[PDB]
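> show me the folded form of this:
(chains A, B and C, ligands or ions: 9)
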Amino acid sequence: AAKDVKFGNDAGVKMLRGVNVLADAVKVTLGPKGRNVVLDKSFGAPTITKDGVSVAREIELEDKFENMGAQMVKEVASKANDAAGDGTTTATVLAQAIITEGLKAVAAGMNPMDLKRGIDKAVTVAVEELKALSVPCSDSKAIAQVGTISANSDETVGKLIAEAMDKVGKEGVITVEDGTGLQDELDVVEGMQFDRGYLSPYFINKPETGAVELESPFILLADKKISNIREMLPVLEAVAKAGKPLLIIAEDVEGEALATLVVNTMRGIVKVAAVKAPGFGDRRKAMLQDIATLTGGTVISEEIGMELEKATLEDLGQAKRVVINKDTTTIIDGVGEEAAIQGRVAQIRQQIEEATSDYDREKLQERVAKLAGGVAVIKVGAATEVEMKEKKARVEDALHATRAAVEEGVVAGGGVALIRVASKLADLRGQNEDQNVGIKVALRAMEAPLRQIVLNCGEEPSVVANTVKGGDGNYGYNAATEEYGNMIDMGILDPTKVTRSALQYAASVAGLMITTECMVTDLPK
Amino acid sequence: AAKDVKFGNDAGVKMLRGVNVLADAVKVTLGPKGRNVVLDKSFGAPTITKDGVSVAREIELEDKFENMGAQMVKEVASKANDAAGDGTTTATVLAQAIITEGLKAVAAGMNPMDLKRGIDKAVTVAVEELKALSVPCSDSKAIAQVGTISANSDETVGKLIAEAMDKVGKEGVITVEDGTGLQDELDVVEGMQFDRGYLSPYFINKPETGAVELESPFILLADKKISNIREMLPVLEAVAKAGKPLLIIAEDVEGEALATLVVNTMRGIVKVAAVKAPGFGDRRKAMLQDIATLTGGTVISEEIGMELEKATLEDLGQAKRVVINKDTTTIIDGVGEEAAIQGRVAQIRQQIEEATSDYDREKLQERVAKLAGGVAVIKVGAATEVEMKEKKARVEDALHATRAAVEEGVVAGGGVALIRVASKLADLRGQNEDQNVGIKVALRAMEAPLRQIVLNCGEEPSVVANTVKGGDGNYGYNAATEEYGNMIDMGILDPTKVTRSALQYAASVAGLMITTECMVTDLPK
Amino acid sequence: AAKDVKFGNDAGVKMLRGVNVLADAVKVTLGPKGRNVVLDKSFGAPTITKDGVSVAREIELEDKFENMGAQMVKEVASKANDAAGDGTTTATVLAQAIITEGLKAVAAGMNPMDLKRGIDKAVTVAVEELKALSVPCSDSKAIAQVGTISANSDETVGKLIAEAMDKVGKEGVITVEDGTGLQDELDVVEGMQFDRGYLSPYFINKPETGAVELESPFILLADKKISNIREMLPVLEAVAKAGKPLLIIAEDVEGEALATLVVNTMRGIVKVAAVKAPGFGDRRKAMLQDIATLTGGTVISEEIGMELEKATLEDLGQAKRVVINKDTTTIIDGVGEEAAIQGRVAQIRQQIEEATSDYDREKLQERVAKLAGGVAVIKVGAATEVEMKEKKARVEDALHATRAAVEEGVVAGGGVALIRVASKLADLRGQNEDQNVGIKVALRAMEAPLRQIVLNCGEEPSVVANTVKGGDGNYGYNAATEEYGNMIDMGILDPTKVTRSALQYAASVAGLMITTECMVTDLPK
Ligand SMILES: Nc1ncnc2c1ncn2[C@@H]1O[C@H](COP(=O)(O)OP(=O)(O)OP(=O)(O)O)[C@@H](O)[C@H]1O
Ligand SMILES: Nc1ncnc2c1ncn2[C@@H]1O[C@H](COP(=O)(O)OP(=O)(O)OP(=O)(O)O)[C@@H](O)[C@H]1O
Ligand SMILES: Nc1ncnc2c1ncn2[C@@H]1O[C@H](COP(=O)(O)OP(=O)(O)OP(=O)(O)O)[C@@H](O)[C@H]1O
Ligand SMILES: [K+]
Ligand SMILES: [K+]
Ligand SMILES: [K+]
Ligand SMILES: [Mg+2]
Ligand SMILES: [Mg+2]
Ligand SMILES: [Mg+2]
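Numbering: from 1, shown residues only, chains lettered A, B, ... in the order given. Ligands and ions are numbered 1, 2, ... in the order given. Take a look at the structure below.
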């Protein structure tokens, strides 16, 4: 259709207005004193939230160009979310800060490309510096603290997460479900859990959790790669009857075969999901067997001259339920008999005795623990369905944040880490003045998170910012108590990963907008 | 419906306005300092590009007449693209330059036909002169340089392309696919690859790549032309069963038979694709056999009194996958047994020994290399899906440009080649004054590319243009470093083919517009 | 619906405005210096043409009455086109000239009927006078010249046409197809070709060429007229099987039978086309046999007591392909065996020996030549698909014009023939003054073609017209070189047939408009 086309400044003011509406709506929810945002619903009462992502999803503007600016920066939160699962609001205020000053510099006549280069250089060095300052979240105490902090100071949620990770390990699978009513519940189910997700989406039958769930399915344990569907045809049909879904746990399911499975299960033609076998090399085969012993199946390896074509429903393993995430497979309640299973345990138990290497020893103990990984399930307390659904949300977020914290060290929260980094880069320079302005734009935007947190408290941003910059190290402002102190000692930490991600995605989208010269959209008609 | 009709000047100003909107939007993306253009999307964030073609595709104007002018010049980029696969932006700025001055001359009262004749004469001589200045891109170093330059100075992409061409030859087939994650991968697959594309589109089942892809298909190796479908009927039905696609590799598939295949495979009635046999004359038969030995098929030649009717699925060859472009067929992983294949190699290996001619020797070595051409596959590095998808784009373009460079010599880039050519034509004259003005219009437009590249840098076009014209030879302006020097020594080259194409298509469309007296379009209703 | 009704002058000015828009758009394309007209397309770039018919097809006006005038005169071009296949633009400028002055005379109070009578008388005498001046286009040199002139001075196209007519005779069938690429190709295919077209349209399966094309069809050779479908029923069903089309070559297919064939083949119920047998009388039977010997069929004549009912697929002849125009049937590649065919040739070859009459001798040689007419196929050169498609158009038009030239003598081109004729009619008078004005209107309009050709050159119409009228004979203005001279010696000729047709259709439609008193059209609602 006929288009409306805008250039330079005309386009810039439109974009800026669009990012401001989005960022302003989102940033009021930042930190312990975040404010509420009410989102209208077509039916019933409006939604009241302090969740940034929830607000962003609702933002769409009337002016086509302003809407483009809003949808562009909205990409910042979504990418930061996909990558770290937290810090989307932080990423959004960093982006607004960089875009605002960057566009001002452009309007002033500065070279957009140089501005972007300067911003990029500052971010590159800032990230290195962020790593240098990064400390860990390994022990259960740290995990508890981060969990508590991520749960709005709810020490309860903190303990839960810590206990759940103590059961299945901090790398294990953990889920949260509605509670039976009052008092939380934590139980490990099959069963076993290993680090391997679906070999492709679509298998996802429950987009609510973005996971795949199968009930009383058959489990094919093939010790090899599967490229040709032909091999599956015989077993797939055997499973076609008995009306039960099939879980493929092979060394890997490549294009040809995988593509077919995706299409067939897409047409209701037999429900089948595929995931890679745990581990690699030798231990892979040994582990693929542990699953067999657990599900009562039989490994189909070519090493013993076995063919998938010559595989009956008797070779297949089976369990009451199996769940698979983007990167986790959990088999709940397997058919395997305690005789075989417990016997398998005894075997591996001796393996540990004959262990001549710590590495081999560790790997073996990992198997016995799993067989004797599973899935830790957290059932949220209650006392009224409303509160129960709420606490469930908090536990979910706290878990998500703590998981991120465990993966990559931690740094002082409350926006102080970025402020310390910015101060260390005061002498950073580029190839020219415009690049230097870009560097300064980035260092200035690095104070935005702390300033917005303070602003949401009802305090003065410049005063608090000035005071924090005055000290050093982990010295920061505790917005919950409105007292200065050592952020680490007060338990206010952020996973280095979310801080880094927030900054990189903010600078990335900001750089693109700053170097945008023209915009095209449908004519308002 | 009722039409709006415009004549002369009224039509001219409309056309000019339409080409200006398109050219201005496109030309800002020219060269190393090209600016970004933001293209609106109905959903999500806007597209940000420095790619001229991407911008042109989005240009459509409200005023019916202006839109006609935009769509007309848009033909310049598309034809230059189809012919050389690069230089569409260059072609667009040349067209705008020729159209602008040409229409001004017309408004001044000059004869349109003479103006066009003059422009044509200048372009004819300019092309001859361009050939005279043309130098080569034969060795891997040159290929690497061009690749690097086409990849925005990414020496990585440069090395990749150079290595890929070193594997399958600079005339061989090369593809790029998403990487497994971090670090690039280069592997040659079946298999073999020969220079023959689909005998007609439609066979193209994947318009994304504009190629045809078949999985585990049967390969009919007929040593003769196929005109009558009757001959195929028996084999086509044999292939109808077993549910596998068919690849026809005959001496040629003419109208009657071809037309049927296009219609049938068009109705899902058996998937079949046809391509000519590699080479011609004697070597053709020998090569058609190499394919047989590779795919485990049997050549059906009339020389041995064989009929296609009397051909079973046992005579047909077979491979896990085959891909065919506009002019390349690649058979990946053939059923042929290493015994037969490796034996065939030994045969041809002796052929080379008994070779009494270099030509026959070269041709034989070509066969052994292919059997012992295939398809080089480039898997782009990664480190996040976003960057991976981006680098993939660059490798694709760099490859496309380097391929063009390899085909036809090279000339100084940065728009200097056309400037040198223009200076050599200062004394060119026509049959009259109007023809002389046309010649001058063309020589003036030849400076436009260098001027726009400089303008995009933020420098002064006239000053740089003046300085480059001041020197001679490969003396030019390096827009990346903003330093003058020897364009060739700095590695800034353009395939003579893209420069020539850009100029000819620009002059061609410009000539048509300049000689347009009337425009007809639907009434804005 | 409610109508708008206009009378006399009100209607006249509307008509005149409508013919002026159409004629003005069309006439700029007249002659060697014709200008371009740009025609808008709903998708892609506009069409740029110098072809009058192409422009006329696009002309439709908003004002209902003006549109009526445009559509009426548009009938001039279309009829001239159908009758001579050239001179549509010439016919259009003659019509505008006659209509313009004629309507002015009417407005002045002159009797419309007398004006029309005068115009008619002038045209009647002018045509006689045109015949008197008419010279021939018989030898290949003349054919080459006309072809070159009709191909915009492209001596290449001229040679092609000349060679094609040298192969199949100037009365033979000639077609043009896309070339294989670079360099033209001329080959005679079956086969044989005779002067007989489809016995009715509808059989036309390819409206693009307005011809009928059959592949591997059966050929019924009945030596008699076919009125009753009953006779065909048995053979039609035999042909229903084997899934092959049928070509009926009988003495003639009359109403009843023909009507059925048209209806059945109209419903996909068996594809059958019918054409009369070549020649008449005795030679007819002999010729019908030559076709049999060529297609391997059997003539079904009642003379030998044969019935169509008792005719099997074995009696029917057969060929790989057959094409039939409005007045030409060409059988390509017949099944007949070279033994029978070459033997038949020997027979007729002796016939020529025993020939006691030149007439019988000529007729026999015609048969041997055909059997030892066919269809000459011209494959246009190339060097890029665009240029190839263009040159193909030129060859098509040049062929069409040359064919017309060959049929009926030639006269000086460049509009001089009509000017010479007009000068010879200076003393022509009618029954009254109004009739005399009508005569003058017609003689004045006869200068219009030369004047428009000159005007398109950018020269002065009155000066050139005055100078040409000053000399005599073939003295004219060469618009290509802008030099006066002998039109015939310069090779600028027009078939007398197209000039005559252009004038008669122009005067015919003009006469109708001039005698129109009232117009009725739907109310603009
Ligand atoms: N007591 C506190 N004092 C100061 N800052 C705190 C305190 N508790 C938490 N924070 C900080 O608040 C920030 C996180 O706030 P919040 O969860 O509202 O936004 P986000 O994580 O950036 O985005 P999302 O909407 O995805 O949660 C981090 O900088 C965190 O360290
Ligand atoms: N360092 C450089 N200095 C000057 N010119 C350069 C430099 N590097 C590349 N170029 C030139 O830039 C031009 C190519 O730019 P670009 O790829 O943006 O446009 P294009 O090829 O004309 O069209 P497309 O949009 O199809 O790519 C060529 O003239 C090339 O030689
Ligand atoms: N060198 C020439 N000088 C003068 N007149 C020429 C010359 N070459 C061709 N002509 C004339 O130009 C006329 C034909 O022009 P043109 O083909 O443009 O129009 P047309 O045949 O009247 O209509 P159509 O659009 O059907 O072709 C004829 O009168 C022909 O003799
Ligand atoms: K919040
Ligand atoms: K570019
Ligand atoms: K013309
Ligand atoms: Mg958070
Ligand atoms: Mg390019
Ligand atoms: Mg003509």
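> which residue packs closest to the residue of the stretch 251-400 of chain A found nearest chain B, ignoring adjacent ones?
Residue of the stretch 251-400 of chain A nearest chain B, by Cβ to the nearest Cβ: residue A:256 (6.4 Å). (Each C-beta comes from the backbone N, C-alpha and C, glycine too.) Closest residue in space to residue A:256, ignoring its immediate chain neighbours: residue A:227 at 5.1 Å, by Cβ to Cβ, 6 or more residues apart in numbering or on different chains.
> can you pull out the strands in the stretch 251-400 of chain A?
A:252-253, A:272-276, A:300-301, A:317-324, A:329-334, A:375-379 (DSSP state E, counting those that start in this stretch).
> distance to residue B:474 and mean neighbour count for these - can I get that in TSV?
Below are those laid out as TSV (distance: least, Cβ to Cβ, whole Å; neighbours: other Cβ atoms under 10 Å in any protein chain shown):
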stretch	distance to residue B:474	mean neighbour count
strand A:252-253	53	22
strand A:272-276	55	24
strand A:300-301	64	20
strand A:317-324	61	22
strand A:329-334	61	24
strand A:375-379	68	23
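> ligand 5 is nearest to which of the ones you listed?
strand A:252-253 (39.5 Å; Cβ to the ion).
> about what we covered before: neighbours of the residue of the stretch 251-400 of chain A closest to chain B, just the number please.
Number of residues near residue A:256 (other Cβ atoms under 10 Å in any protein chain shown) recorded here: 17.
> wait, it sits on residue A:230?
No: with contact defined as Cβ atoms under 8 Å, residue A:256 does not count as touching residue A:230 (9.6 Å).
> returning to what we had before: how about TSV for the strands of the stretch 251-400 of chain A, with distance to ligand 4 added?
Below are the strands of the stretch 251-400 of chain A laid out as TSV (distance: least, Cβ to the ion, whole Å):
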stretch	distance to ligand 4
strand A:252-253	40
strand A:272-276	35
strand A:300-301	50
strand A:317-324	29
strand A:329-334	30
strand A:375-379	21
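> the ones you listed into CSV, with extra columns for distance to residue A:340?
Below are these laid out as CSV (distance: least, Cβ to Cβ, whole Å):
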stretch, distance to residue A:340
strand A:252-253, 27
strand A:272-276, 23
strand A:300-301, 18
strand A:317-324, 11
strand A:329-334, 10
strand A:375-379, 22
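> out of these, which is closest to ligand 3?
In terms of Cβ to the nearest ligand atom, the element of these nearest to ligand 3 is strand A:252-253, at 66.3 Å.
> the closest one pairs with which strands?
Strand A:252-253 pairs in its sheet with strand A:225-226 (parallel), by DSSP bridges.
> can you list contacts of the strand it pairs with?
A:232, A:248, A:250-254, A:257, A:308 (Cβ atoms under 8 Å, 6 or more residues apart in numbering or on different chains).
> cool, stretch A:122-133 as well?
Residues outside stretch A:122-133 that contact it (Cβ under 8 Å, 6+ apart) are A:411, A:417-418, A:420-422, A:424-425, A:428, A:438-439, A:442-443, A:446, A:496, A:499-500, A:503-504, A:507.
> of these, which belong to helices?
A:417-418, A:420-422, A:424, A:438-439, A:442-443, A:496, A:499-500, A:503-504, A:507 (DSSP state H).
> now the helix or strand that contains residue A:131 against helix A:416-424, angle please.
According to DSSP states H and E, residue A:131 maps onto helix A:112-133. Counting by axes from the mean of the first three to the mean of the last three Cα atoms, to 10 degrees, helix A:112-133 lies at 120 degrees to helix A:416-424.
> quick check: the residue most central in space within chain A vs ligand 6, distance?
Against the mean C-alpha coordinate of chain A, by Cα atoms, centre = their mean, the closest residue is residue A:85 at 3.7 Å. Separation of residue A:85 from ligand 6 (Cβ to the ion, to the nearest Å) stands at 71 Å.
> surely that residue touches residue A:401?
Yes: between residue A:85 and residue A:401 a contact is recorded at 7.3 Å, counting by Cβ under 8 Å.
> identify the contacts common to the two.
residue A:498.
> which residues does the residue lying closest to residue A:397 once chain neighbours are set aside contact?
Once flanking residues are discounted, residue A:397 sits nearest to residue A:150: 6.3 Å by Cβ to Cβ, 6+ apart. By Cβ under 8 Å, 6+ apart, the residues touching residue A:150 are A:86, A:157, A:397-398, A:400-402.
> go with 7 Å
A:397-398, A:401-402 (Cβ atoms under 7 Å, 6 or more residues apart in numbering or on different chains).
> ok, of those, which one's closest to ligand 4?
Taking Cβ to the ion as the measure, residue A:397 is the one of those closest to ligand 4, at 9.1 Å.
> and for that closest one, the neighbour number?
Applying other Cβ under 10 Å, we find 17 residues neighbouring residue A:397.
> same check, this time on residue A:396
Burial of residue A:396 is recorded as 16 neighbouring residues (other Cβ under 10 Å).
> that one and residue B:327, how far apart?
Residue A:396 sits 55 Å away from residue B:327, going by Cβ to Cβ, to the nearest Å.
> now the residue nearest to the centre of chain A: closest residue in space, sequence neighbours ignored.
Residue A:85 sits nearest to residue A:400 (Cβ to Cβ, 6+ apart), 4.7 Å away.
> which helix or strand contains the residue lying closest to residue A:140 once chain neighbours are set aside?
Excluding the flanking residues, the one nearest residue A:140 by Cβ to Cβ, 6+ apart is residue A:162, at 4.7 Å. According to DSSP H and E, residue A:162 maps onto helix A:155-168.
> what does residue A:38 give?
strand A:37-39.
> helices or strands next to whichever helix or strand comes after that strand in the packing?
Downstream of strand A:37-39, the next assigned helix or strand under DSSP H and E is strand A:47-49. If you count contacts as 3 or more Cβ pairs under 7 Å, 6 or more residues apart in numbering or on different chains; DSSP states H and E, strand A:47-49 packs onto strand A:37-39.
> gap between the strand it packs on and the chain center?
Centroid separation for strand A:37-39 versus its chain: 25 Å, with Cα atoms, centre = their mean, to the nearest Å.
> get me the contact residues on the stretch 101-250 of chain A for chain B.
Taking Cβ under 7 Å from any Cβ of the partner chain as the measure of proximity, the stretch 101-250 of chain A contacts chain B at A:111, A:113.
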